[PDB]
């Protein structure tokens, strides 16, 4: 039947909102986690100039398989194979120890699809801004700076995708003595 991008976008936002409903950010105030995927998708439309509905849905859904009770077939059933494939690309293996997770992001970055690179860039940009705004509960200042150092290693492999996101990230890295 006749669809619309507006309806498709709200499908993904509502899906993510229910999937993340019990989860919270790590700021002291414990912001509802759903604010993060919403803000990641909004970075893509408001700053990066992206309108691709598949990319925007994946941005709203990018942490669902990683962090919630969500399967790949569930994503494909609601949003199609292209969205599922994109969510698959940006989904970390939560069963690895933290260090191996982070190393894989660095290695996987250059061979990411353009859509996956956009999601990964906006994901990093949101979290780096969140760190700069407010040191998370349980994150030492050392851990924050280490996260920027690692994020620069990841963003290094994502470059050449979006001028606005990469210019923004380069400025935030430069403020912390990082080039990449």
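Positions refer to the first chain, counted from 1.
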Discussion item. Averaging CA B factors per stretch from the PDB record, which one is higher: 123 to 131 or 145 to 153?
Written reply: 145 to 153
Response to the item:
Looking only at C-alpha temperature factors in the entry, 161 to 169 or 8 to 16, the higher average sits in 161 to 169
Worksheet item: Hey, out of 111, 42, 36, 62, whose CA B-factor is highest in the deposited coordinates?
Response: 111
Discussion item. Using only modelled residues of the chain, where does the Cα B factor of residue 28 rank: lowest third, middle third or highest third?
Written reply: highest
Fill in: Third of the chain, ranked by Cα B-factor, where residue 176 sits
lowest
Discussion item. Going by the CA temperature factor in the PDB record, which third of the chain does residue 115 belong to: lowest, middle or highest?
Written reply: middle
Practice prompt. Rank-wise, by C-alpha B-factor, drop residue 75 into the lowest, middle or highest third of its chain.
Written response: lowest
